[PDB]
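Only one structure is covered here, and it is reproduced in the block below.
Just so we're on the same page: letters track the sequence lines, and every chain starts at 1.
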Amino acid sequence: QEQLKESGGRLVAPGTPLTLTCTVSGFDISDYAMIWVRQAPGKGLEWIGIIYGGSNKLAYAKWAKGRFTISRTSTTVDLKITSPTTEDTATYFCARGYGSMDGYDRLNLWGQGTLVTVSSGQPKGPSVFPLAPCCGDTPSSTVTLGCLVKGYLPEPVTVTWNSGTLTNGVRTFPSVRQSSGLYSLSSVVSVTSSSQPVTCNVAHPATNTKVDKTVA
Amino acid sequence: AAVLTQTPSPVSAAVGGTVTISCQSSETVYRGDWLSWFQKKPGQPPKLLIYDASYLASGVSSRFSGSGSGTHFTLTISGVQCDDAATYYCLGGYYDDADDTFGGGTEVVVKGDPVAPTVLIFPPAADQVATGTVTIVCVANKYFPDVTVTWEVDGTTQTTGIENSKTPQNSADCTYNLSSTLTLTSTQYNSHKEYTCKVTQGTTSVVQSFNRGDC
């Protein structure tokens with residue numbers, strides 16, 4: 001099984017250098033080429049650079065102008081962002097191409113990506129608030145509950161329900177960044193009124209925050 | 001400087017129908033055919049659909065086909081499914097790898113059956129009020145086509161403090177869900193009685209309210 005996995009995305013202040021790593025498994029980097037790409041929130045995909053596993057060939061996008069350095073080890077390829085600016089906030093993906101020497105094609109293997117955030121703010125774990133409806137006179141056999149996950153930095157957080165055992169129809173909305181620099185999102189779930197209570201489990205790896213909120 | 005231009009976003013396609021989008025390069029791609037197409041959904045990596053203009057990627061449905069050469073290329077999706085709702089990117093490859101570049105993307109919106117949303121509203125719990133800032137959350141569930149959201153507080157339209165966030169289309173029924181939040185200070189919040197969220201879908205509106213002090 002051929003796989004790629006990127007790591008090292010984290011929060012940095014502008015100007016603070018950052019190195020991302022793509023770890024390969026099930027094939028040899030020397031037989032292929034490896035390409036870095038990113039996507040800033042709201043913007044499109046953007047090709048950054050390429051390293052050929054078989055040669056001394058390596059190129060950066062014309063616009064890079066020394067903004068990035070790419071290198072390898074025996075099982076990884078790396079991307080260093082030499083002096084990050086807020087514009088480099090993005091998810092970075094690693095991709096394998098065919099053609100080890102000079103000439104590449106067919107980018108058919110991709111990692112899940114790693115998330116880089118460039119900001120002058122300090123990391124901050126989320127506050128978690130239960131969302132329950134006001135409730136009317138005609139009782140329902142079903143109810144929709146939720147959790148508001150507010151004021152965290154950097155993305156991402158994960159939200160589960162009842163430790164993963166409640167998933168049917170869950171809606172977790174895309175995060176939005178407030179003018180504070182912090183992010184918020186909500187997640188809601190519908191369940192029979194008889195099955196309550198229901199607990200949202202929120203985790204924020206960047207601060208190793210884990211919070212459960214039982215919604216009443 | 002090699003520039004790729006794709007069909008303007010969004011493109012609408014009916015379920016079961018055919019849609020063709022295009023990509024035009026300001027100069028010839030390598031060998032006249034180095035042009036790859038990718039599907040991109042939020043939270044997921046790019047997925048190769050077509051490479052070298054017209055070759056179907058392994059394991060990809062033949063409902064996807066690409067054509068073109070030189071500087072103009074198309075991607076055609078037939079038998080369109082809700083699962084196809086995504087942004088599609090072309091990637092032009094040139095003699096010098098340093099010139100390689102993606103187009104700006106074409107978002108394909110898949111047209112299912114229209115459905116009015118059911119709307120929910122969530123007052124702030126006691127613990128949020130104590131922080132001095134509150135968030136009132138309105139949710140529009142399971143709807144199509146797009147909606148607009150209006151907040152009214154004690155009969156007065158709100159113009160600030162609102163943020164909206166929309167899920168991708170459901171891969172089975174093409175519907176969206178939407179979150180709309182109104183943020184206020186705890187004292188502002190305590191100065192009003194009636195909070196209303198209004199979700200409008202053309203000539204249809206769905207309205208949901210609560211009165212602070214009934215919960």
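The heavy-atom pair separating B:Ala98 from A:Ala59 by the smallest distance is N-CB, 4.1 Å. Summarising the geometry of A:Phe93 relative to B:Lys40, their closest heavy-atom pair is CZ-CE, 3.9 Å, with the distance given to 0.1 Å. For the pair A:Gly111 and B:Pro45, the tightest heavy-atom approach, listed with the atom from each and the gap, is O-CB, 3.1 Å.
Distance check, rounded to the nearest 0.5 Å: CD1 of A:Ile50 to CG of B:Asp100 gives 7.5 Å. The distance from atom CH2 of A:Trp110 to atom CD of B:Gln44, rounded to the nearest 0.5 Å, is 13.5 Å. In this structure, CD1 on B:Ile136 lies 10.5 Å from CG on A:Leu148, to the nearest 0.5 angstrom. Atoms CG and OG1, on B:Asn177 and A:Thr172 in that order, are 10.5 Å from each other to the nearest 0.5 Å.
When the candidates A:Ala64, A:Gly113, A:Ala132 are compared by the number of heavy-atom contacts under 4.5 Å with chain B, A:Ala132 comes out ahead. Heavy-atom pairs under 4.5 Å with chain A peak, among B:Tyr95, B:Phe38, B:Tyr51, B:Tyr30, at B:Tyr51. In terms of non-hydrogen atom pairs under 4.5 Å with chain B, the most contact-rich of A:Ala216, A:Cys134, A:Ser184 is A:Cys134. Heavy-atom pairs under 4.5 Å with chain A were tallied for B:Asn164, B:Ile121, B:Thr135, B:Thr101; the largest tally goes to B:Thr135.
When the options A:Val143, A:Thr144, A:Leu145 are evaluated for a side-chain contact (heavy atoms from CB on, under 4.5 Å) with B:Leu120, the one that passes is A:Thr144.
Residues A:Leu185 and B:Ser179 are not in side-chain contact: their nearest non-hydrogen atoms beyond the backbone lie 4.5 Å or more apart. Side-chain contact between A:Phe129 and B:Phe122 is absent, with no heavy-atom pair separated by less than 4.5 Å. Side chains of A:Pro174 and B:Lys166 form no contact here, defined as non-hydrogen atoms less than 4.5 Å apart. Contact of the B:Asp96 side chain with the A:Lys62 side chain is registered, since non-hydrogen atoms from C-beta on lie closer than 4.5 Å.
Only the side chain of B:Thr131 comes within less than 4.5 Å of a heavy atom of chain A; its backbone N, CA, C and O stay farther away. For A:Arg171, the part sitting under 4.5 Å from any heavy atom of chain B is the side chain, from C-beta outward, and nothing else. Both the backbone and the side chain of A:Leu107 have a heavy atom closer than 4.5 Å to some heavy atom of chain B. Proximity to chain B is limited to the backbone of A:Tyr60, based on heavy atoms less than 4.5 angstrom apart. For A:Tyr52, the part lying under 4.5 angstrom from a heavy atom of chain B is the side chain only. The contact between A:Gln178 and chain B is made by backbone and side chain atoms together, counting heavy-atom distances below 4.5 Å. Interface residue B:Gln128: backbone and side-chain heavy atoms are both found under 4.5 Å from chain A. Contact annotation for A:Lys150: only side-chain heavy atoms (C-beta onward) come within less than 4.5 Å of a heavy atom of chain B. Of the atoms belonging to B:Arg212, not a single heavy atom falls under 4.5 Å from chain A. Only the backbone of B:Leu178 has a heavy atom closer than 4.5 Å to any heavy atom of chain A. Both the backbone and the side chain of A:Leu45 come within contact range of chain B, with heavy atoms under 4.5 Å apart.
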Would A:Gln39 and B:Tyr89 count as a side chain to side chain contact (heavy atoms under 4.5 Å, CB included) if you check the C-alpha gap in whole Å, the side-chain angles of each, and the deciding distance to 0.1 Å?
CA-CA 12 Å; A:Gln39 170 170 50; B:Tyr89 291 89; 3.5 Å; yes
Give the intermediate values and the outcome of side chain to side chain contact (heavy atoms under 4.5 Å, CB included) for residues A:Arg106 and B:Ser58.
CA-CA 10 Å; A:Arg106 190 172 181 175; B:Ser58 301; 3.2 Å; yes
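Checking A:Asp105 against B:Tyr55 by side-chain atom types alone, no donor-acceptor pair falls below 3.5 Å.
Judged by distance alone, the side chain of B:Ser165 and the main-chain N or O of A:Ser175 form no donor-acceptor pair under 3.5 Å. Not a single donor-acceptor pair under 3.5 Å links the side chain of A:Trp47 to the backbone N or O of B:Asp97.
A:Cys135 does not pair with B:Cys215 as a disulfide, the SG atoms being 2.5 Å or more apart.
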